[PDB]
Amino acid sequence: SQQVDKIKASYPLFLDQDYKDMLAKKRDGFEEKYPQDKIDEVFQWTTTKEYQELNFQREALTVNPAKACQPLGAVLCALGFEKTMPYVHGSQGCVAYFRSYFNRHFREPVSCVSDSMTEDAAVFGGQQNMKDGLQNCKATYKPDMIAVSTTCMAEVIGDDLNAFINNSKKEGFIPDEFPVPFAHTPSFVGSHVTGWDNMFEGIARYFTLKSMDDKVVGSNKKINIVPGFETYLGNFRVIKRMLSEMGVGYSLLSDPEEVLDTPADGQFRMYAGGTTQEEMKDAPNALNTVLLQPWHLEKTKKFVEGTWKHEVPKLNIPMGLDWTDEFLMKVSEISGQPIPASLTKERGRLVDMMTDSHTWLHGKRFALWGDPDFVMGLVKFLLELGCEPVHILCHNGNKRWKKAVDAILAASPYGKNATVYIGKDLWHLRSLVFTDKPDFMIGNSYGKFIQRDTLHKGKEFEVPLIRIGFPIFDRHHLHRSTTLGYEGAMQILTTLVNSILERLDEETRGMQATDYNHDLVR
């Protein structure tokens, strides 16, 4: 039933007695459900160290991964280029999922086409799909460029992307001069960040590989910036802000911030902003190239150093205090521009905030996951705040990266209780936060089910989630925020200390039981 003046949606509608009674009869009548005592006994077992040992013996089953597949990254890379349509050669179900996945994180349109390879293409190849697809896409959506990636079907059957595109031009489906960079992006290799790396390297090759005779390093006095797979709009913005504040000429190569943030002014803009084609063609004339997330830009780095001959500096992701410091100093060294007083003052305001909040942050214990550069940078900042990163999980990480993060942990006493896990998933991590409980999780929205699981054991076992990473689907507009630079460090610090103080308020809200510590002032 409904009271018209106070309508109930599913929560709390189905808590009504008549709904509750109906659900009890459905369970007892027809569901053949395991007894609740058995359900309770098994849940408790899944929280034990015995279960954790069996859990970590998995070799074939993956449960609740913390990674996606390559073409998702290729699409995001492609979107950062002016009037560029991402085009995934392969099956169409993939593109529906890529678009919806990004739709829900950015709350923006995400334009991407497929060429809808079906069983007929499974048997005889997708060459006709590429021919008609390129012509149909160019005529219908009028991009200036089409950036081609692949789904796993097209990799397995072995479609020759280069020959297909070359024939599409040879037979007149598109002009020979229309730009069609491509990359193979197999979902069964690496992860989404690898597809970003492969797409970017393909776009850079398309515009510079056969054009090198004219180029000379440093002649355009700019620094190239390659951001990598990046899903916070504030991170594109703060890098551009800091460089302009320094008066540093730069080119951000792949810049989706305009097309992921168009105004609602009565018109839909399929394309907006983006790195220009001329900027890719001229990029070899830069002083150097800075890679913001180098642990998933290895193929890009080999091309930039081997072909552009840029001495790419060994910089960590500019996260936290030390690594933002090192980023600005290297940019200053390369550009010849001093670090201006405005940034020095901003640095000092972050340190001021660290002195202000250090007593609540000290010793706080965290589990966290995400992509390798993000995770490494988060680990470094937690150490700088006097926190303890206890469970560090990176599903798409590798052994070289793990060695680097272990060395960062070994160099601070706040790392003494930390362990780095590569190739493990969020069902592994669930066991870790039961058997070795931290204070909070820092992670993406999939973390909410772990928090739900910890609370079911009891309120004193609950591990609250702090949402930082990708994807974030169950809060609005956090994609607008920042994690890089002094600005991102300030934002992360503020979120961390106020998460601590919110939970302490929750724990001290009980009148005449715990509210002796419900202080007005913290």
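Here, rigid core means the biggest group of C-alpha atoms that superpose within 1.5 Å across both forms. The numbering used is simple: start at 1 and walk along the sequence shown.
Any chance you could tell me whether 115 to 123 or 347 to 355 drifts more in 4 other deposited structures of this protein, judged by RMS CA distance from this form after superposing on the core? It is 115 to 123 whose C-alphas lie farther from the shown form in 4 other deposited structures of this protein.
Per the entry, where is the mean C-alpha temperature factor higher: 446 to 454 or 134 to 142? 134 to 142 has the higher mean C-alpha B-factor.
Mean C-alpha B-factor comparison - 64 to 72 and 28 to 36, higher one: It is 28 to 36.
Going by the deposited entry, which of 440, 101, 229, 178 has the highest CA temperature factor? Comparing C-alpha B-factors across 440, 101, 229, 178, the top value belongs to 178.
Per the entry, which of 108, 155, 278, 257 tops the list for Cα B factor? That would be 278.
Sorting the chain's modelled residues by C-alpha B-factor, tell me whether residue 497 ends up in the lowest, middle or highest third. As the PDB entry reports it, the C-alpha B-factor of residue 497 lands in the lowest third of its chain.
Within this chain's modelled residues, let me know which third the CA B factor of residue 58 belongs to: lowest, middle or highest. As the PDB entry reports it, the C-alpha B-factor of residue 58 lands in the highest third of its chain.
If you rank the chain by CA B-factor, which third does residue 295 end up in: lowest, middle or highest? Answer is highest: the recorded C-alpha B-factor places it there.
Comparing residue 80 with the other modelled residues of its chain, is its CA B-factor in the lowest, middle or highest third? Ranked within chain, residue 80 CA B lands in the lowest tercile.
Please say which third, lowest, middle or highest, residue 184 falls into when its CA temperature factor is compared across its chain. Its C-alpha B-factor belongs to the highest third of this chain's values.
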